[PDB]
Amino acid sequence: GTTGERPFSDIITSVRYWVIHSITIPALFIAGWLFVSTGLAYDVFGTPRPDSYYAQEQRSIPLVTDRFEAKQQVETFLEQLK
Amino acid sequence: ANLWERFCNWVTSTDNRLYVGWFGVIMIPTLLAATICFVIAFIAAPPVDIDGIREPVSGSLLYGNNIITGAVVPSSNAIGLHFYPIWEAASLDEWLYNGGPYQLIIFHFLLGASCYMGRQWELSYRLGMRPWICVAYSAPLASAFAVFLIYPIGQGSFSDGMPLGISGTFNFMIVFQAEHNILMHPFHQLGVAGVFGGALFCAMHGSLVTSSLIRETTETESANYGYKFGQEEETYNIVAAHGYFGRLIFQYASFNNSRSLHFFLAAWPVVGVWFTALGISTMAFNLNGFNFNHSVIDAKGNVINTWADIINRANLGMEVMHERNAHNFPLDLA
Amino acid sequence: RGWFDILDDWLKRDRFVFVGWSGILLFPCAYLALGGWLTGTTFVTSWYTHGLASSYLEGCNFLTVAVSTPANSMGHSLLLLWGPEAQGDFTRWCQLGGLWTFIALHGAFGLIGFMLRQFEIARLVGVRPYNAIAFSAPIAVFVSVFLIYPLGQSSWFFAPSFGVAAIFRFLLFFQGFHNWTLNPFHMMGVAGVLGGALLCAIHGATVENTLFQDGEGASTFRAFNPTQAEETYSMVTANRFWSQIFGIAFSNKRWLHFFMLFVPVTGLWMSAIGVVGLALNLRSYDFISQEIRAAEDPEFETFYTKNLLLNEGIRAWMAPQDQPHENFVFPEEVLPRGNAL
Amino acid sequence: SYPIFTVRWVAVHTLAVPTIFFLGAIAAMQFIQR
Amino acid sequence: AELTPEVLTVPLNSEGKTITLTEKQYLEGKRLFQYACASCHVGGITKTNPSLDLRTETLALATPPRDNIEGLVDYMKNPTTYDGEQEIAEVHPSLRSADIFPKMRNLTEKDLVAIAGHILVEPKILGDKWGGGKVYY
Amino acid sequence: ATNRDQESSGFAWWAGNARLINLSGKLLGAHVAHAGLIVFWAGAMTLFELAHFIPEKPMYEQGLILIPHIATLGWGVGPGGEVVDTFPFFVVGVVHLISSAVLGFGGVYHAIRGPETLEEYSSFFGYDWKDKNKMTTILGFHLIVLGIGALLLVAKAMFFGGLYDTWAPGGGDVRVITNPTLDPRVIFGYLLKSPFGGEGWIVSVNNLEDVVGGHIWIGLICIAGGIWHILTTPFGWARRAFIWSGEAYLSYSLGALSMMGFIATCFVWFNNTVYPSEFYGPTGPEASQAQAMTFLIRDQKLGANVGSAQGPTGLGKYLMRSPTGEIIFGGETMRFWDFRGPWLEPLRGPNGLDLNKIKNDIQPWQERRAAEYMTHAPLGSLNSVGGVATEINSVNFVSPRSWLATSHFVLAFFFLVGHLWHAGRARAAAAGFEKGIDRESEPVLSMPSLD
Ligand code: CLA
Ligand code: CLA
Ligand code: CLA
Ligand code: CLA
Ligand SMILES: CC1=C(/C=C/C(C)=C/C=C/C(C)=C/C=C/C=C(C)/C=C/C=C(C)/C=C/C2=C(C)CCCC2(C)C)C(C)(C)CCC1
Ligand SMILES: CC1=C(/C=C/C(C)=C/C=C/C(C)=C/C=C/C=C(C)/C=C/C=C(C)/C=C/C2=C(C)CCCC2(C)C)C(C)(C)CCC1
Ligand SMILES: CCCCCCCCCCCCCCCCCC(=O)O
Ligand code: OEY
Ligand SMILES: [Cl-]
Ligand SMILES: [Cl-]
Ligand SMILES: [Fe+2]
């Protein structure tokens, strides 16, 4: 039977549906695009940019080797990039 | 009627306990020859120079194997794809040394298995059934052709066919990964979806029919006696099963057509295993899994390893150690 | 009515997506496990834990993205966001591997919630809870592989990472270090999964090709009414087909569908048991009698010894980069290699 | 006379709107140069 | 790390003069190196003679020295054995043998220099990986 | 609603082309429009290949599968397989693409506007699947068309500029064929060769004379068979043996196509005569043999005595004997000793590879071809990274022999499945139980119990 909600086939074909979503969908797409193009996703998650994996002359990986000094360890690695 | 017609009626008789049929006329002698040779070779056959380098691998129980390590060993690389019947050898001893039983077994077997498929069609016709059970069997049969026939063809040697053994299968799988990166090949990823999904949907459908069995027994007896062989009624409430499973997910993720539901059970693992058979068959021609080795580099050009580069380090370990004495030149082109 | 009874009413309302009491556990944890995996494969690195890029943002594709395991120096830490390692710092949390425990632990409880949902919905509709029972095998697998196995090892580092190629690395690790193909519990696992897929295909095919003609069309799907009483295919003709083709056949439909439950479920349970052993490195790695003979007899060779040579290749060639915290330095000359290659 | 805001509404939007956001993010990534 | 001009600075000649390439010439030399040389030289080794790689130390001990742009350009015109004693244009691609090695025909003097720079710049980035073979993959 | 719906035609939308089984005009339209797509693709692809073609690179480095088919026929190519004039490629492409428009026009005309069934408009073009006379007649016509097409290849080789002959003295060239092989002991000998190693059934054909000769026989056989079927109707043993229905005829062809797909697969992988390695890249065996040759040469140059170099296993490091004694390259390539190629045969004497010729007669062009082929072995990844699975990114290469073999195995396999599907259905349909078992007369229920 029917649990009482409006049928999806009815909603997506409705004009009012697309009036609302001709904006929200492209707006959300643009918001995500901006999230990366501003470089903001690097800083929120601590992901290296292509230039910040190694120091200029090092080939060693900044692997964290301590449980409780780990947050301190990562920050020390980040300042040897400058 | 005359003798030929009496024979034909017997051959095609639907009253034989096991159906014979025209396919069975080929299937029985070939499956018997293959089976008898397999059993004797697995127990007693002496060591086989699989890689053609005069370094025989012992495959049989009497020569120090157990059930897990034993195998009928593929025929010698010196033979490549040449036909090596018993009568081409100078002696059975020579035939044993070079891995003759492997050719005899797999050819008789592939022939008989093909006829098994055809026999499935044949009895379905005498019985008045729809004919496509044999299509379902074509997925495992194609898989068998892939590893025993197609892959030795494209690599040019039966010595690179799959061994008839438990440990030899794993040897085949590991060498295959190193040379084709089969894990990174989507037809194998399709085959995993095919069998994982098959097992899932097996458990689902079994659990869902079992869940909606109609009470026809008391608690001191097996519910299986609630079903009588040949009964016209169904023994479970498919509406109840839909009602349960539709609420478990949502109403339209659930089947209510038994025929649709059952065809889906047939189609999912068959298609997936078709693809994995096609995966072995096309990697026989060295169209391998995706290669993302050093795909990620940084601003300077340093390689930034991904999980694919780790997989490559395991592949390289399998590459350099497999058939350790067999290669004289830096590339392993087949 | 009490407030409890009224909340019970609304949780159990018949709606497009049933909620229930179990939903309070299921939907938050399943969504957050899902979301954390998406978030991490899109944006999060494994640079400081593994020396690996692991996200779309770093230029990985769908097969090579992963939420990777924490660094080995974390041991078995819960890696709480507010715990001593990250100290509430979300960015450092991602960098230290916290999304892995985030996904693993929320997913554990999500799986608990889903099973309770199966119990809850079965209880309300009125059917026996065999579906919930069958779902014990996925849970046994998840718990043994993602939780028990690393808890027996040195750290979460060696649990599986959540990614397509990461799981492939896991497979190959188990071959080279554990000789897992040789394990009888995995072999039973393989028999149950391959056997399940077989039963799925053969039963589906058998039903489709013993249908009764209940309509006039060539598409036979419309000739089935879900309220009909009669069986839609011939159990008698199927039984005779298979008796004459294969020698035996099912004759009891109830045993047939219980067997379909039993086979894949029992298979996964058996593999779970084997991985618990591997938590302790309690492997079926060797056959002693073969090793005693091989060591004394340089002409004795089987597929067993050949595969151990392959295992030694995997370990030595993959360890330095796969366990970077160990600082393995293997000069070229110690690497095991056959001729030429 | 159907409602517009249902539990179902929350369900599709808990999934759909993050999905679209993530797609635009992944789209932009294809133009990152090293 | 990034591709800086210090990285992009390589010996012009044996006499010690250097030259600084642009990012464009580096990428150009890599594309062309793939086009005309990688089939045998992928990653700095030599598939058809693994005893000779493209490591700078190796190029240095060649006769004449090959660890500089002019030395490499000269090799791609008139290649010789490691000791300079024989000319190998008949079995090694070069401008001298662009009739038998057709991929060399369209190449120009700027192209050979870009390829030479790529070869000389690449072990500065990759280290042991360049010319080390599968051990360092 | 002329069929076009499930209720009237009996077939659901996903099996909709089965609504066409007894609409010969609408069916004719489908076949001609589909032929339009085949000719279209042949046209567009060649022009695509021509747009992307760089004549200084080998064809097999450029992802070409159609231009190699034109070059093999003698057009646009000179000694050594060097490309001299790209204009015939352009002609072949343009002419196919133009034709697809007229094919496509006639297909869309017949499928949409034309008469749905041909039988009332014309007794010659209309047909009934069960008319065993009309069916062998149409078969006969298409046989003649096929024999003619086979003779077109003969016309090209003997009268219209010849064919590319990889075996031609001096490194390969276009060559008029003047003495095709007519001796039927040779032509039909090929059909009786074993398909196993060192024999190769028809895949072993290694000279253009046998190729042109066999196409004379086939062209004449097809023309004569077409006449035979135009004039005759099937005999009684044939009438009792076959199912005479549209679907049955479909299934016979599906099986036939499947068989041919598997043979083509093996042809493109092993044969280097009608798939010249100059255009298609080396075969798998060829590249592996070329590796052993490369390192024989390098080491012999350094002073090694290659004939007496005992390898690690006790077998010769460079040279050893096949099981029938021929001298062959050693190492794993021992499996490939059946390989034959223009660059290697000069080193062959009566006992196999000749050690004197190896020590003295190896020319720089052989060292070049052997190095080129070893480095273009048909190994490579799905994203076209060339080499073994463990190679790093750099070389963007997959051999067209790999592309052509793998694609046609897949197609050949799925057409075998299609054969089984339609053959079993055609049988069940002809007997009247393709829609299921009749409840009121279930055949099994009228049989004795097995036990
Ligand atoms: C597209 C090609 C084609 C097709 C589909 C047919 C189809 C048919 N032909 Mg025609 N035919 C053709 C081409 C074709 N023919 C050509 C080119 C010739 C000239 C040689 C003939 C000459 C010919 C004659 C003389 C006769 C037919 C007959 C028939 C009918 C019986 C078919 C039969 O029994 O199959 C074959 C199935 C069998 C069981 C027969 C045994 C064949 C064995 C099993 C195969 C092995 C032998 C093989 C021929 C050679 C070995 C090759 C091997 C190495 C691979 C059928 C309608 C018969 C008929 O009714 O005529 C009106 C008949 O008498 N055909
Ligand atoms: C279904 C609900 C649910 C469940 C089971 C979990 C479970 C978990 N989450 Mg998740 N979480 C949820 C929803 C949920 N979460 C939601 C909705 C969000 C988004 C805001 C998050 C965001 C989130 C983050 C960001 C993190 C977790 C983390 C955790 C873990 C640690 C939890 C902890 O220490 O709690 C401690 C708190 C309690 C156990 C609650 C105690 C309640 C009271 C005080 C007890 C005393 C009662 C009193 C004495 C008697 C009352 C009687 C009554 C009659 C009144 C655990 C796996 C962490 C994790 O995964 O680490 C890796 C982590 O970092 N969660
Ligand atoms: C090779 C592909 C191919 C071809 C040639 C056909 C051909 C045909 N189909 Mg099949 N079909 C196909 C694929 C194909 N189909 C697939 C993939 C499906 C599954 C979705 C179906 C499902 C299907 C069903 C369910 C039915 C058919 C039917 C038909 C027939 C009539 C169609 C009709 O009335 O359309 C009318 C449509 C239109 C008038 C719209 C425009 C159609 C034209 C042809 C488009 C041409 C575009 C092109 C650019 C023109 C270039 C012009 C240029 C040359 C000048 C026709 C002979 C019908 C049938 O059997 O009739 C009884 C029918 O019921 N087909
Ligand atoms: C094999 C394909 C094929 C077949 C069997 C038919 C059959 C038919 N068509 Mg169709 N048609 C086709 C292709 C085909 N057509 C194509 C490609 C087009 C577009 C150009 C048309 C356009 C078309 C129209 C517009 C009409 C028909 C009509 C007809 C009917 C009578 C035609 C007639 O007798 O002409 C007489 C035959 C001749 C004069 C013989 C000469 C034909 C050419 C010049 C011979 C070329 C052969 C060539 C050498 C072979 C190689 C070709 C290629 C492989 C290179 C008949 C049912 C008519 C009909 O029934 O509608 C009411 C109609 O009005 N057809
Ligand atoms: C029926 C049908 C169908 C089908 C259809 C079809 C199949 C069709 C086809 C069609 C076709 C098949 C068409 C064709 C077309 C073509 C054309 C249109 C061409 C053109 C050409 C040109 C124009 C060219 C040009 C040029 C030149 C000349 C030179 C160079 C450059 C160029 C290229 C530009 C469908 C399924 C859909 C649907 C249903 C029905
Ligand atoms: C061109 C060429 C050539 C030639 C070729 C030829 C000459 C061919 C021929 C061909 C042929 C000559 C073929 C044949 C075929 C056959 C077949 C394929 C058969 C089939 C059959 C069938 C199928 C049958 C079946 C059946 C039975 C058995 C029983 C009953 C039922 C039935 C009928 C079904 C050569 C190589 C030199 C070279 C290159 C080129
Ligand atoms: C000394 C360190 C201080 C760190 C303070 C900042 C940390 C705040 C984290 C808040 C996370 C809230 C989600 C946790 C609730 C989920 C557990 C549950 O609901 O059962
Ligand atoms: O892996 Mn590696 O590649 Ca196919 O051959 Mn060359 O070596 Mn050997 O014989 Mn068995 O196997
Ligand atoms: Cl091995
Ligand atoms: Cl070798
Ligand atoms: Fe069932």
Side-chain angles (χ1 to χ4, degrees), chain B residues 30 33-65 70-111 148-149 152-153 155-165 168 323 325-326, chain C residues 297-303 306, chain F residues 194-200 310-316 319-338 351-353:
Chain B
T30 56
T35 295
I36 292 153
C37 189
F38 174 78
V39 174
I40 296 184
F42 193 95
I43 288 169
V48 172
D49 189 28
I50 172 173
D51 289 327
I53 52 177
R54 320 293 176 81
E55 178 204 283
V57 176
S58 161
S60 78
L61 302 178
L62 273 173
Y63 282 82
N65 283 277
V72 180
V73 178
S75 52
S76 168
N77 189 52
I79 289 167
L81 297 174
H82 288 240
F83 188 56
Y84 193 49
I86 289 180
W87 53 84
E88 287 284 291
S91 63
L92 278 173
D93 310 78
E94 167 195 319
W95 191 72
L96 294 177
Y97 185 88
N98 298 274
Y102 182 79
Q103 273 189 37
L104 191 155
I105 296 165
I106 59 142
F107 297 149
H108 281 93
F109 160 78
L110 286 166
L111 210 7
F148 295 144
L149 215 232
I153 287 168
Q155 304 309 299
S157 186
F158 285 115
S159 94
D160 280 352
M162 188 183 87
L164 308 190
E323 302 164 0
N325 297 322
Chain C
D297 184 357
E299 291 182 71
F300 183 67
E301 176 165 35
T302 70
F303 282 106
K306 290 167 56 77
Chain F
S194 155
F196 292 91
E199 306 268 283
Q310 184 200 346
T313 57
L315 292 168
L319 302 170
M320 58 175 301
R321 294 183 179 271
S322 74
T324 46
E326 291 83 14
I327 299 306
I328 67 174
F329 292 130
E332 266 211 335
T333 206
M334 76 182 59
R335 76 174 54 159
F336 288 137
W337 75 277
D338 301 301
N351 287 332
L353 298 176

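Below, chain A is the first sequence line, B the second, and so on; all start at residue 1.
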* Asked: Run the side-chain contact (heavy atoms from CB on, under 4.5 Å) check on B/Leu61 and B/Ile43 step by step: do they pass?
  -> CA-CA 5 Å; B/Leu61 302 178; B/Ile43 288 169; 4.2 Å; yes

* Taking ring-ring contact (aromatic ring centres under 6.0 Å, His included) as the test, write out the residues that go with B/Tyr63, two or more places apart. => none

Between atom [atom1] of [X] and atom [atom2] of [Y], what is the distance when rounded to the nearest 0.5 Å?
X: B/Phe107; Y: B/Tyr102; atom1: CZ; atom2: OH; value: 9.0 Å
X: B/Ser159; Y: F/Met334; atom1: OG; atom2: CE; value: 9.0 Å
X: B/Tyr84; Y: B/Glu94; atom1: OH; atom2: CD; value: 3.5 Å
X: B/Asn98; Y: B/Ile79; atom1: CG; atom2: CD1; value: 5.0 Å
X: B/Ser75; Y: B/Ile105; atom1: OG; atom2: CD1; value: 10.5 Å
X: B/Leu149; Y: B/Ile153; atom1: CG; atom2: CD1; value: 4.5 Å

Measure from the side-chain N and O atoms of [X] to the backbone N and O of [Y], and report whether any donor-acceptor pair falls under 3.5 Å.
X: B/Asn65; Y: B/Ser58; answer: yes
X: B/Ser60; Y: B/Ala45; answer: yes
X: C/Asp297; Y: C/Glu299; answer: yes

State, to 0.1 Å, how close [X] and [Y] come at their nearest heavy-atom pair, and which atoms those are.
X: B/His108; Y: B/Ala33; result: CD2-CB, 3.8 Å
X: B/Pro152; Y: B/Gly161; result: CG-CA, 3.5 Å
X: C/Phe303; Y: B/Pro163; result: CZ-CG, 3.5 Å
X: B/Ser157; Y: B/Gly80; result: OG-CA, 3.5 Å

Would you say [X] and [Y] make side-chain contact, with heavy atoms under 4.5 Å?
X: B/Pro101; Y: B/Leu96; answer: yes
X: B/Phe109; Y: B/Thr30; answer: no
X: B/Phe158; Y: B/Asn77; answer: no
X: B/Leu164; Y: B/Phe42; answer: no
X: B/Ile86; Y: B/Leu92; answer: yes

* **Sequence neighbours excluded - salt bridge (charged side-chain N to carboxylate O under 4.0 Å, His left out) pairs with any residue from residues 324-336 of chain F** =>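 Sorted pair list: B/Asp160-F/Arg335, F/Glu332-F/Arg335.
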
* Verdict with reasoning, B/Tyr97 to B/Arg54, per side-chain contact (heavy atoms from CB on, under 4.5 Å) -> CA-CA 9 Å; B/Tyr97 185 88; B/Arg54 320 293 176 81; 3.9 Å; yes

* With F/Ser322, which of F/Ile328, F/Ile327, F/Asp338 fulfils side chain to side chain contact (heavy atoms under 4.5 Å, CB included)? ->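 Considering F/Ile328, F/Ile327, F/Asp338, a side chain to side chain contact (heavy atoms under 4.5 Å, CB included) with F/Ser322 is found only for F/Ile328.
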
* Going through the checks in order, is the side-chain contact (heavy atoms from CB on, under 4.5 Å) test met by F/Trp337 and B/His82? -> CA-CA 11 Å; F/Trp337 75 277; B/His82 288 240; 3.9 Å; yes

* Asked: Taking only residues two or more places apart in sequence or in another chain, which ones pass side chain to side chain contact (heavy atoms under 4.5 Å, CB included) with F/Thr313?
  -> B/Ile53, B/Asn325, F/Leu315

